[PDB]
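Structural overview for review
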Amino acid sequence: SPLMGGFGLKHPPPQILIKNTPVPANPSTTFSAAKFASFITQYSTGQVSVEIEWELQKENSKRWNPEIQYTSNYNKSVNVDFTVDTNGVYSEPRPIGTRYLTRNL
Amino acid sequence: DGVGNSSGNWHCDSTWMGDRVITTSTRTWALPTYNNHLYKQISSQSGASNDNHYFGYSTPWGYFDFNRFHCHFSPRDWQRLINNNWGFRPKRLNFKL
């Protein structure tokens, strides 16, 4: 298991490597065997999509009393948590773990 | 069946399906003899106010009531109901003595 948490994979999802192809600028009309150092300055943009399918493991508990669950504070506040501000900046207020339900040993 | 044979089992469970939940309850009851097997006219003859007068009958009969939500839902199963569902309604019941 990875010590920062997560899924240890011998074959992880692969690296996806991307690069702008070099478009050279105006070459000299005489030949030079040196490599090109002058390129057209360019960048690229676009959209990227990732679609992961997850397999769930459902609770099968016979516990009587209710369990501790992650809830939002339903009191008045200036900013709603996990939303944007007045300046349009998204923020995350706290780290949300994943151990809220209970199982016996 | 007979005397030394059980006429039913203890079923007290709740099974959650994709859009169903079947809550089964079982309780132990005790029925006395009411009115010493008599029907009795009852009323407000012993001095009630005008809003408090009644007239009726008391019977020797007992009745079974299960018209409470805790009769069928545990507090855990009620919590599963209310945090995950926008609605619920009863469909069918089944009663056993």
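Residues numbered from 1 in each chain as written, not as in the entry; some residues may be left out. Chains lettered and ligands numbered in written order. Part of a larger assembly, values for the part shown. Heavy atoms only, no water.

- What the deposited record gives as its method is cryo-EM, and the resolution it gives is 2.84 Å.

1. Description of the overall build of chain B
- When helices and strands are counted, chain B shows 1 helix and 4 strands.
- The C-alpha radius of gyration of chain B comes to 20 Å, more than 25% above the 13 Å expected for a compact globule of 97 residues.
- Judged by the C-alpha coordinates and their principal axes, chain B covers about 55 × 45 × 20 Å.
- Looking at the 97 residues of chain B, the share that counts as buried comes to 14%.
- Taking the intrachain contacts of chain B between residues at least 6 apart in sequence as the baseline, contacts between residues at least 24 apart amount to 34%.
- Positive and negative side-chain charges of chain B, numbering 10 and 6 respectively, have mean locations separated by a distance of 4 Å. (Helix = DSSP H or I, 4+ residues; strand = E, 2+ residues; numbered from the N terminus. Rg over C-alpha atoms; globule rule 2.2 N^0.38 Å. Buried < 20%, exposed > 50% of the residue type's maximum accessible area, 1.4 Å probe, protein only. Contact = heavy atoms within 4.5 Å. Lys, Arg positive; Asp, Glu negative; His and termini not counted. Charge placed at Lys NZ, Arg CZ, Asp CG, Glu CD.)

2. Topic: the overall build of chain A
- A tally of helices and strands in chain A yields 0 helices and 0 strands.
- The C-alpha atoms of chain A give 26 Å as radius of gyration, which overshoots the globular expectation for 105 residues (13 Å, by more than 25%).
- If one aligns the C-alpha atoms of chain A with their principal axes, the spans along those axes are about 85 × 45 × 25 Å.
- The proportion of buried residues among the 105 residues of chain A is 1%.
- Long-range pairs, those at least 24 residues apart, make up 30% of the contacts in chain A between residues at least 6 apart in sequence.

3. Some thoughts on the interface of chain B and chain A
- Between chain B and chain A, the residue contacts involve 7 residues of the former and 9 residues of the latter.
- Between chain B and chain A we count 2 salt bridges in total.
- A salt bridge links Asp13 of chain B to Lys62 of chain A; its shortest N-O distance comes to 3.4 Å.
- Where chain B packs against chain A, one counts 3 residue pairs in polar contact.
- Broken down by element, the residue count for the side of chain B that touches chain A peaks at 4 residues, all from helix α1 (residues 75-82) of chain B.
- Partitioning the side of chain B that touches chain A into residue classes produces 1 nonpolar, 3 polar and 3 charged. (Salt bridge = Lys/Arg side-chain N within 4 Å of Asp/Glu carboxyl O. Polar contact = N/O pair within 3.5 Å; in protein donor to acceptor, adjacent residues only side chain to side chain. Nonpolar A, V, L, I, M, F, W, Y, C, P; charged D, E, K, R; others polar.)

4. Quick word on the packing of aromatic side chains
All names here are of chain B.
- A complete count under the given rule lists 10 aromatic pairs over all chains for this structure.
- Taken together, a centroid distance of 5.6 Å and an interplanar angle of 75° make the contact between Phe55 and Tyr57 edge-to-face.
- Among the aromatic residues, those joined into a cluster by ring pairs are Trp29, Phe64, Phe66 and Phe95. (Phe/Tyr/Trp six-rings, centres within 6.5 Å; stacked < 30°, edge-to-face > 60°.)

5. Observations concerning unusual backbone geometry
Residues and elements named next belong to chain B.
- Here the phi dihedral of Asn35 falls at roughly 60°; this positive angle occurs in a residue that is not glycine.
- Assignment of secondary structure puts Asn35 in the loop between β2 (21-24) and β3 (40-43).
- One non-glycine residue with positive phi stands out, namely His37, at about 65°.
- Relative to the assigned elements, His37 resides in the loop between β2 and β3.
- For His37, a relative accessible area of 59% translates into the label exposed.

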